[PDB]
Amino acid sequence: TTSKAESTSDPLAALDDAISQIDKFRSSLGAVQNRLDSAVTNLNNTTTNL
Amino acid sequence: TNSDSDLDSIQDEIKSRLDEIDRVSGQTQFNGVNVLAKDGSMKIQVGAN
Amino acid sequence: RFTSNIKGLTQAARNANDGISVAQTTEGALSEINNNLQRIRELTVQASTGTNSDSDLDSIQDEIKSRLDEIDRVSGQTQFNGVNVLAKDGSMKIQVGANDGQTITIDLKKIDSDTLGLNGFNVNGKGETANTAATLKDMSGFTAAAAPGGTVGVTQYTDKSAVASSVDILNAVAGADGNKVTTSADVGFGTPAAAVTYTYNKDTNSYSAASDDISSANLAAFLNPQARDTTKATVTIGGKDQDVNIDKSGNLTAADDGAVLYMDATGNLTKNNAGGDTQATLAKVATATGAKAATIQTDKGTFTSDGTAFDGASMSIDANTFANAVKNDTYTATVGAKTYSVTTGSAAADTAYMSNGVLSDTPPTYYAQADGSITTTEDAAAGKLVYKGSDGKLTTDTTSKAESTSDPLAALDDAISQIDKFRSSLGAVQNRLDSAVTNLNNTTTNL
Amino acid sequence: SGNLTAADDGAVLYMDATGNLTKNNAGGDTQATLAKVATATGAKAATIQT
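Residue numbers (my numbering), protein chains in the order written: chain A, 2 to 51; chain B, 6 to 54; chain C, 5 to 451; chain D, -1 to 48.
In structure tokens, the structure reads:
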């Protein structure tokens, strides 16, 4: 009684999920960058003291 | 006023920072002595006898 | 510590700004809803006039319903950062201090057509209609030329066949609070019918009871209506309470997980999970309690025994079960200032008549006048001549109920007042948050 | 060796059954003590293993 639809059933939800994933990955990069900056500052202080 | 996604991002960042705290706790050493790895005592000789 | 404090205060100020933003969004949404509500109000006022044809009524109803649907829609998809502000009666917390606990709570109400009320304004309902006359020919009730007033030209007509059934009497007596029902031969308690005057002491809820020594062997049937039920109880011999479970008058199993109580103490007749005598049974503990003058009272009925039979004190039978039991037996249930007698059949005395919605001892008495009208009282000065139409039953009203809204404008004002109150609450929260932001900025600057 | 308190939260046991010497939360005799339950168990040959 009804043919299948080629059009995506819920485009908006899947797209929003895609943005959610990409900004999550970006947040991972931001955390990594802050961690590395802190490590660099620490290591500079330690090498000066040593 | 924050959605669950913002909470997830904040928690991920906090966990990363805490892991950095653990890493700096383990790594910091001075000539074969890990100064933050134990509740020990370090004696420094300052007298002639 | 100061650096920690200033960082926390700055971030709290940013959070308060976010709260300002969400308050503004909610304020705008409620402003739009208020605009729609005022539009509906003026449309209703325009439609109130009776000089409008039916098609105008349908058009106005269609536009009103469309705008109500628009209100529901704007309530539905109004959202801010994944949060539907108007979809729940929740509370929203904003962190304003640098420590725990300093939060500002926003009051939010679920707004829709249902919450605001009227569930369909339905102006286009069939409004006020005149009712038809007495129509003397239709009334075929009992003929009675008694004429207690002595007027030759008056004929009394009573609508017979209104004999109330037993279930009707039971519902009528159950509707009021504090009635009196006297019955014998009741299920469970009262089955032996040793006593007849129970009166069941209806105080507030499902019917109570009071009985003499009649249930000696009837605990198993009464307390356990089903084939495997078990009911908790408390047993004391005086000054010392014990908790037990009863099932089919057999072993008085202890209330513990698996502890089993046996009967002992010949001459004292006490309990023990570790007794040294024969098996405990309800029949034996009955005479035990009778001889020792103990109590076996439970939550659903306080029971004590003297001799070999229990004396019920504070029973409470289920109202529906009682009604099912008393449906085909003799009883003299009474109501407020009225007494009704039933003897193995509804209205045995033939003095029970069903009125419009209440049980009354007198039949609807209708008087036929010389001019053909039907009146409630013989004196033509009063009577409020009865009318007919759309519901039968010979109602004494010139008006049939209109399915349209009873008081449209008042309900609309109530809804508008609710929306305005929410508006004012959001405005006050906004001002308070702004003051908090200013104070917090000053504090962090000084610190 | 005083009151043989029941293992319940606040239940207190009282002995009864002269000739069987049983424990009860609803006793009809004097207060229960370890000294007399000792001879009670000895006469009736029971166990109080813990």
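Every residue gets a Cβ at the ideal spot worked out from N, C-alpha and C, and that includes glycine.
{"Item": "Between the beta-carbon of C/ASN277 and the beta-carbon of C/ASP268, is there less than 8 Å?", "Value": "no"}
{"Item": "Any idea what DSSP makes of D/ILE46, helix, strand or coil?", "Value": "coil"}
{"Item": "Pairing CB atoms from the stretch 24 to 40 of chain C with CB atoms from the stretch 68 to 77 of chain C, are three or more of them under 8 Å?", "Value": "yes"}
{"Item": "What residues of chain B sit near A/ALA15, judged by a beta carbon separation below 7 Å?", "Value": "The premise fails here: A/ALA15 is roughly 16 Å from chain B at the closest Cβ pair, so nothing lies under 7 Å."}
{"Item": "Pick from C/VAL248, C/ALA231 and C/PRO229: whose alpha carbon is nearest that of C/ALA237?", "Value": "C/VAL248"}
{"Item": "From the DSSP output, read off the bridge partner residues of C/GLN160.", "Value": "C/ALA148 and C/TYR371"}
{"Item": "Given that residue 1 of chain A touches chain B, what residues does it touch there, using C-beta distances under 8 Å?", "Value": "Residue 1 of chain A is absent from the model: chain A starts at 2 and stops at 51."}
{"Item": "With a Cβ-Cβ cutoff of 8 Å, do residue 489 of chain C and C/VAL171 count as a contact?", "Value": "No answer is possible for residue 489 of chain C: it lies beyond the span of chain C, which begins at 5 and ends at 451."}
{"Item": "Rounded C-beta distance between C/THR162 and C/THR338? I'm assuming under 8 Å.", "Value": "About 24 Å; that fails the 8 Å criterion."}
{"Item": "Against chain A, does B/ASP9 count as a neighbour if the rule is that its beta carbon must be under 8 Å from one of theirs?", "Value": "no"}
{"Item": "Could you check if C/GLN15 is buried or exposed, using at least 16 other CB atoms within 10 Å of its CB as the buried criterion?", "Value": "exposed"}
{"Item": "Count the other C-beta atoms from every protein chain shown that fall within 10 angstroms of the C-beta of C/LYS97, then say buried if there are 16 or more, exposed otherwise.", "Value": "exposed"}
{"Item": "Can you find the residues in the same chain that come closer than 6 Å, C-beta to C-beta, to D/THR37, ignoring five residues on each side of it along the sequence?", "Value": "none"}
{"Item": "Listing by chain order, which chain A residues have their CB less than 9 Å from the CB of B/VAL29?", "Value": "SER39, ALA40 and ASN43"}
{"Item": "Quick one: grab the DSSP three-state call for C/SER63.", "Value": "helix"}
{"Item": "Decide yes or no for the touch test of the stretch 147 to 163 of chain C against the stretch 176 to 191 of chain C: beta carbon pairs closer than 8 Å, at least 3 of them.", "Value": "no"}
{"Item": "Below 7 Å on C-beta distance, what does C/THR274 contact in chain D?", "Value": "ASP14, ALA15, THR20, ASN22, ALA24, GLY25 and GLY26"}
{"Item": "Using the Cα positions of residue 68 of chain A and A/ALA19, report the straight-line distance between them to the nearest angstrom.", "Value": "With chain A covering only 2 through 51, there is no way to say anything about residue 68 of chain A."}
{"Item": "Return the chain-ordered ranges of every alpha helix (DSSP H) run that is complete within the stretch 77 to 155 of chain C and spans a minimum of 4 residues.", "Value": "117 to 120"}
{"Item": "Suppose you measure from the CA of C/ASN85 to the CA of B/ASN7; what does that come to, to the nearest Å?", "Value": "8 Å"}
{"Item": "Given that C/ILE241 touches chain D, what residues does it touch there, using C-beta distances under 9 Å?", "Value": "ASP14, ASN22, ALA24, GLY25 and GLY26"}
{"Item": "By the DSSP assignment, the beta strand (DSSP E) with C/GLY431 in it spans what residues?", "Value": "Where C/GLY431 is concerned, there is no enclosing beta strand (DSSP E), although the alpha helix (DSSP H) it sits in stretches over 412 to 450."}
{"Item": "Between D/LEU19 and D/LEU11, how many whole angstroms is the CB-CB distance? I'm expecting something under 8 Å.", "Value": "Contact flag wrong, Cβ pair sits at about 12 Å."}
{"Item": "Distance check for C/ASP261 and D/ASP7, CA to CA, integer angstroms please.", "Value": "15 Å"}
{"Item": "Helix, strand or coil for C/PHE307, going by three-state DSSP, please let me know.", "Value": "strand"}
{"Item": "So what does C/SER364 bridge to, in DSSP terms?", "Value": "C/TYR357"}
{"Item": "Does the separation of the CB atoms of C/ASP216 and C/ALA198 fall below 8 Å?", "Value": "yes"}
{"Item": "Taking Cβ to Cβ, would you say C/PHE226 is nearer than 8 Å to C/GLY192?", "Value": "yes"}
{"Item": "So for C/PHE314, helix, strand or coil by DSSP?", "Value": "strand"}
{"Item": "Considering only C-alpha positions, which residue in the set C/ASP233, C/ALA149 and C/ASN123 is nearest to C/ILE115?", "Value": "C/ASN123"}
{"Item": "Just the Cα atoms here: how many angstroms apart are C/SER117 and C/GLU132?", "Value": "26 Å"}
{"Item": "Within 8 Å of any Cβ in chain C, is that where the Cβ of B/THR33 sits?", "Value": "no"}
{"Item": "In this structure, how does DSSP classify C/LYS388 when only helix, strand and coil are distinguished?", "Value": "coil"}
{"Item": "Are C/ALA329 and C/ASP190 closer than 8 Å when you measure CB to CB?", "Value": "yes"}
{"Item": "Please report the straight-line C-alpha distance between C/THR312 and C/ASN222, rounded to a whole angstrom.", "Value": "12 Å"}
{"Item": "Is it buried or exposed for C/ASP233, if we count other Cβ within 10 angstroms and need 16 for buried?", "Value": "exposed"}
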